[PDB]
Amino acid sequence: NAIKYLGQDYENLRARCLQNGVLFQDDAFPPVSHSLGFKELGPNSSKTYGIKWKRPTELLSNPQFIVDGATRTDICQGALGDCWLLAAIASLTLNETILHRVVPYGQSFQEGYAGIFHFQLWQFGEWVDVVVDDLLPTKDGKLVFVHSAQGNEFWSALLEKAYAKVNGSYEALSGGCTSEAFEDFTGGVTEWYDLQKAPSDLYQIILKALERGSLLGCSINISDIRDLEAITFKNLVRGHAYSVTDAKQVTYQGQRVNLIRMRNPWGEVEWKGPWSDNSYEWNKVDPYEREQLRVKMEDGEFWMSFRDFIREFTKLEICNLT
């Protein structure tokens, strides 16, 4: 059983707000500018100025915590450089058991709702329960930071807020490493791989990691500053954490080709090379494999050949649990 961050007690807080006819306002991470940030998001800044804190129950008549499951399409990055965190959360959803440890069951905007939610994280060398109120940064009635592809779904916005809380502010989350969020959700062991010096069995390692629910992300180093744009000629984003979400093998003109699937935590903007959604390659696999694996949809998620992956990306991170 998780210990309470700062001694804040989810169930006692929720019950007492319900008894006293109020919704929770979190003294530890309150709905003010200092919870946004200190410089790029400080009181005196252009980003800060239009932001208003609103509850999902003030935005919409029927907000839902989880809609059609907690899945990686619910992770669409907003105007914060927390790609590393969101790639980790998207990966987290592929392992149901670890997912529902971080995101406890039973939380809702209906029965028993009192403006408070809770999540569990590996922090300070402990499993910790972190509460948040549901006041969220919004602009023109829309979430400014992470949101789901379902506009009425809130669990992922609330998780990102809890993760900001432990680090001090949303701005504190700008720039990071995927392995750090992997740890904070698992307490497990991170390893990284230099894709330019990949071992010969690297596809096997990936397949076995995916089989056992380990979390995998990848990224392209910006090796000359930002000197070709962030976006490459083949539509890949440099210095940007991607989630690795599958590895599967296809028969391409009678030969097996090893494929790998990743998702941009933007929820949009995809590889436009071979095995991309509209690439010709899919014309030349057998119909069944094609219809099991290809999804023509701008969802941020796409296939590469493993050969292309290891040429295009520079780093892979794997967090293995027990």
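For the two forms, the rigid core is made up of the largest set of C-alpha atoms that agree within 1.5 Å on superposition. Sequential numbering from 1, following the sequence displayed.
After superposition on the rigid core, the larger root-mean-square Cα deviation in 7 other deposited structures of this protein belongs to 48-56, not to the other of 48-56 and 63-71. Once the rigid core is used to overlay the structures in 7 other deposited structures of this protein, the stretch among 82-90 and 121-129 whose CA atoms lie farther from this form is 121-129.
Comparing the deposited coordinates for 78-86 and 96-104, the stretch with the larger average C-alpha B-factor is 96-104. Comparing 55-63 with 37-45, the stretch with the higher mean C-alpha B-factor in the PDB entry is 37-45. Of the candidates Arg72, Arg212, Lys139, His147, the deposited coordinates give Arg212 the top C-alpha B factor. Across the residues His118, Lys208, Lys165, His240, the deposited record lists the maximum Cα B factor for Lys208.
The entry lists a Cα temperature factor for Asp129 that places it in the lowest third of the chain's modelled residues. Among the modelled residues of the chain, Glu301 sits in the middle third by CA temperature factor in this PDB entry. Ranked by C-alpha B-factor against the other modelled residues of its chain, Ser276 falls in the highest third. The PDB entry assigns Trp155 a C-alpha temperature factor belonging to the lowest third of its chain's modelled residues.
Compared with the other modelled residues of the chain, the Cα B-factor recorded for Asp26 ranks in the lowest third.
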